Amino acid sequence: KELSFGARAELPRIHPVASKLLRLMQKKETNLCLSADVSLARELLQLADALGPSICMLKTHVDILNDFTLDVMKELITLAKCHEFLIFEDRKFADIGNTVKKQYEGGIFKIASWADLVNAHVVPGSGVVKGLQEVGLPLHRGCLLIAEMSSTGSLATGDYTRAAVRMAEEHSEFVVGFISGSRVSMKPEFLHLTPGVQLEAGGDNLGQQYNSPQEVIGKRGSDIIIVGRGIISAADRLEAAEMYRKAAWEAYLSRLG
């Protein structure tokens, strides 16, 4: 029988980052992660401030910010603390352990210094997780494994998806969940976050496919919807985020019973 987000926050095997997230999802009645896909720092920060109360998480691609600096990230952390949301850098690491360790800690971006969560592809084998965890564990961070993708022709299916689940289970001190289209693990300690979400049917011209919050949360059993253009391209991004929040939240409640 299904446990609420608040009860899942207390599970014996829950990771601290997962428990913090689950508690603030419960408190704020939001299971919406904003995919803040913009190229300007000002717009990122204005969106994070205005939409912070509506979201449990703000997902970044800092490698698209034209005017990235570490001080931008400092100001994002201030907003995350004020409004209570996690920061998730959607870096989709996909290299050998020795290299990802470096890409996560170092370079210009110093991702591990500000991102509560990152994600990784499982294609390299479990060394990708070991390398990240070398940096992530001491910094008390968490990681999601990409078990399925939303795009047309995705190869993250079948035995590949099963491999991601096994890899997560086996690295539960660091791996807190999945990027997936549906519930892929039976274990309630794991979070399921789903990109490829819009209210209307459709896709983009470069292989993105959309499903609705009711489909993803209600029928497919995922926990959190990740929404970019459905919000970002709207005129009123605050009302769009509220639309998505209410959709995902009610789907969750109706699945809970």
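Superpose the two forms; the largest set of C-alphas matching within 1.5 Å is the rigid core. Just count from 1 along the sequence shown to find any residue number.
A.B. asks: Comparing 80-88 with 97-105, which has C-alphas lying farther from the shown form in 4 other deposited structures of this protein once the core is aligned?
C.D. replies: The stretch that sits farther from the shown form in 4 other deposited structures of this protein is 97-105.
A.B. asks: In the PDB record, does 93-101 or 151-159 carry the higher mean Cα temperature factor?
C.D. replies: It is 151-159.
A.B. asks: Looking only at CA atoms, which has the higher mean B factor in the entry: 70-78 or 108-116?
C.D. replies: Between 108-116 and 70-78, it is 70-78 that shows the higher mean C-alpha B-factor.
A.B. asks: Among the candidates 192, 42, 59, 229, give the one with the maximum CA B-factor reported in the record.
C.D. replies: Most elevated C-alpha B-factor of the set, per the entry: 42.
A.B. asks: Tell me, lowest, middle or highest third: where does the Cα B factor of residue 205 rank within its chain?
C.D. replies: Residue 205: CA B-factor falls in the highest third of its chain.
A.B. asks: Could you place residue 37 in the lowest, middle or highest third of its chain by Cα temperature factor, using the values in the record?
C.D. replies: As the PDB entry reports it, the C-alpha B-factor of residue 37 lands in the middle third of its chain.
A.B. asks: Thinking about Cα B factors across the chain, which third does residue 223 belong to?
C.D. replies: As the PDB entry reports it, the C-alpha B-factor of residue 223 lands in the lowest third of its chain.
A.B. asks: How does the C-alpha B factor of residue 182 compare with the rest of the chain: lowest, middle or highest third?
C.D. replies: Highest third.
A.B. asks: Quick one: classify residue 196 as lowest, middle or highest third of the chain based on its Cα B-factor.
C.D. replies: It belongs to the lowest third of the chain when residues are ordered by C-alpha B-factor.
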